[PDB]
Amino acid sequence: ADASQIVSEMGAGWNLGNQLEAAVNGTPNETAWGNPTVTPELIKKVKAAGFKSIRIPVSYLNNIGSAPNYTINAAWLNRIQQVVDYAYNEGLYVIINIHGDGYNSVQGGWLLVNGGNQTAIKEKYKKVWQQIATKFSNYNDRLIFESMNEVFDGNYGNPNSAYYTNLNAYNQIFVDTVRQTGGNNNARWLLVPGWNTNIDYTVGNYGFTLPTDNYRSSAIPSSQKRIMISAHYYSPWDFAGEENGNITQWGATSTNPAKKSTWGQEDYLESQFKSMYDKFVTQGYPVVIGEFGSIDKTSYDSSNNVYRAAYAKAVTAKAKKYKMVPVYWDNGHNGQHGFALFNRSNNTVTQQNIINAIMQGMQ
Ligand SMILES: [Ca+2]
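The end of the sequence shown is residue 395 by PDB author numbering, with every number in the run present.
Below, the structure written as structure tokens:
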């Protein structure tokens, strides 16, 4: 699939959140954050709801062995492959990444743009991607590798240019390392972010650079890309992610201005997504909005789900407008401040109206 066709085929995506990226005191464990062990039935339920792509956060952390081989625990790679297969064998697009490892705030986090030993970070990263790519080399273009997740130094202000250079270096190392492994890895789509998956800091003049891809398969036309660009979207945070009841409504259908943000509405969403279209999509790079969503505030405002639905529809529809892939953030938590649309304990739907809103947004 070329850049336009892949977006169409990917449809609406869903994150298998709070599973294989979950870690406590440095060891990944897919149950560590309270979700059950993943089973194929969950992925079948998500497919039945209409999602065509599954994003699978994966952490590695202390399952990476010592230098210089940095060997990944074999049982962990085998488990990741089993979970990938639950989605891949159902005909879905699948994205796998390196997730917790890039955070300063995660115990064992090491893929740090601000870290002092960039030589060791870069070599470890190379060796880790060599192994993950090798494990999945025979998978077709429905499997996408994502270089890393949300990578920054912890500061929400303007990016340090030297640190941005490290980020860009990681993306370049990832691309070239993956291509030089076997199988279909020289041809598959590879997803890369800019700083903290932030749209403004990725599209603006802050230091992001597009990787070269000179080791890719000769079969890819010179005029096409096999790189996609990642951003995440939870704006305005006071509505979407802040864990209190100050703001519980969003968009034009809000019924109370005291419960609605003063910024970040439909006009902002338009400007933001148009900026990704103008910078990247027009140049032949698909864009994946790899996470979006809003937390459950029905404990504060009994009308909140009206707005969670409205927000999800609006973000999905804006992605559709601008020919980019919207991927919903589902963390399995049903309850206060949760993001789940399904109860993973029984594979039931818990948020039919939000699912319907997403699917309406794909029309
Ligand atoms: Ca998060």
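Even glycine gets a Cβ: it sits at the ideal position worked out from N, Cα and C.
What separation, rounded to the nearest whole angstrom, lies between the Cα atoms of residue i and residue j?
| i | j | result |
| --- | --- | --- |
| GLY226 | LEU74 | 31 Å |
| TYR265 | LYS167 | 31 Å |
| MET308 | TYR238 | 15 Å |
| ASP245 | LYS292 | 45 Å |
| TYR300 | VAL338 | 20 Å |
| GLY97 | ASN50 | 23 Å |
| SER334 | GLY277 | 11 Å |
| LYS355 | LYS79 | 21 Å |
| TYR233 | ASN378 | 40 Å |
| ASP117 | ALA290 | 47 Å |
| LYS76 | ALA119 | 8 Å |
| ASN217 | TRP161 | 11 Å |
| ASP270 | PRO253 | 44 Å |
| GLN384 | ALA251 | 43 Å |
| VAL39 | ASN121 | 20 Å |
| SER267 | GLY189 | 16 Å |
| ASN203 | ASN67 | 31 Å |
| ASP208 | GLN281 | 45 Å |
| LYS329 | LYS156 | 41 Å |
| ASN228 | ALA44 | 22 Å |
| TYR196 | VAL145 | 7 Å |
| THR71 | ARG211 | 31 Å |
| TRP65 | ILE86 | 19 Å |
| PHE177 | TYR171 | 11 Å |
| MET42 | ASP310 | 21 Å |
| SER169 | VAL56 | 30 Å |
| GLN37 | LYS84 | 14 Å |
| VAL235 | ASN129 | 22 Å |
| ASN187 | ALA263 | 17 Å |
With burial defined as no fewer than 16 other Cβ atoms inside 10 Å of the residue's Cβ, what is the status of residue i: buried or exposed?
| i | result |
| --- | --- |
| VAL90 | buried |
| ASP362 | buried |
| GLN256 | exposed |
| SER249 | exposed |
| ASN149 | exposed |
| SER193 | exposed |
| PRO100 | exposed |
| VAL359 | buried |
| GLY322 | buried |
| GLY364 | buried |
| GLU62 | buried |
| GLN114 | exposed |
| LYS353 | exposed |
On the three-state DSSP scale, how would you describe residue i?
| i | result |
| --- | --- |
| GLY322 | strand |
| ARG248 | coil |
| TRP227 | helix |
| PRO289 | helix |
| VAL357 | strand |
| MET180 | coil |
| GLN281 | strand |
| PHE240 | coil |
| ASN47 | strand |
| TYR317 | coil |
| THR69 | coil |
| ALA219 | coil |
| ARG340 | helix |
| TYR300 | helix |
| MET260 | strand |
| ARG174 | coil |
| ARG111 | helix |
| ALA54 | coil |
| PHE374 | strand |
| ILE130 | coil |
| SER91 | coil |
| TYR125 | strand |
Within a Cβ cutoff of 7 Å, which residues of the same chain sit near residue i, ignoring the five residues on either side of it in sequence?
| i | result |
| --- | --- |
| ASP133 | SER91, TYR92, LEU93, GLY141, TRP142 and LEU143 |
| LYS345 | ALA389, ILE390, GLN392 and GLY393 |
| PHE312 | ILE261 and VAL319 |
Who are the near neighbours of residue i in its chain, counting only those whose CB is closer than 6 Å to its CB and skipping five residues on each side?
| i | result |
| --- | --- |
| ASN200 | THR241 |
| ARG340 | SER326 and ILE386 |
| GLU275 | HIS369 |
| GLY147 | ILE153 |
| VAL138 | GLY132 |
| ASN366 | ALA372, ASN375 and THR382 |
| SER179 | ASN203, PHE206 and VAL224 |
| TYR247 | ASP208, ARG211 and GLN212 |
| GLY82 | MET391 |
| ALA272 | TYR266 and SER326 |
| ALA106 | none |
Which residues in the same chain as residue i place their Cβ atom closer than 8 Å to its Cβ, once the five residues preceding and following it in sequence are excluded?
| i | result |
| --- | --- |
| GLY316 | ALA35, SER255, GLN256 and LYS257 |
| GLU298 | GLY283, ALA284 and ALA346 |
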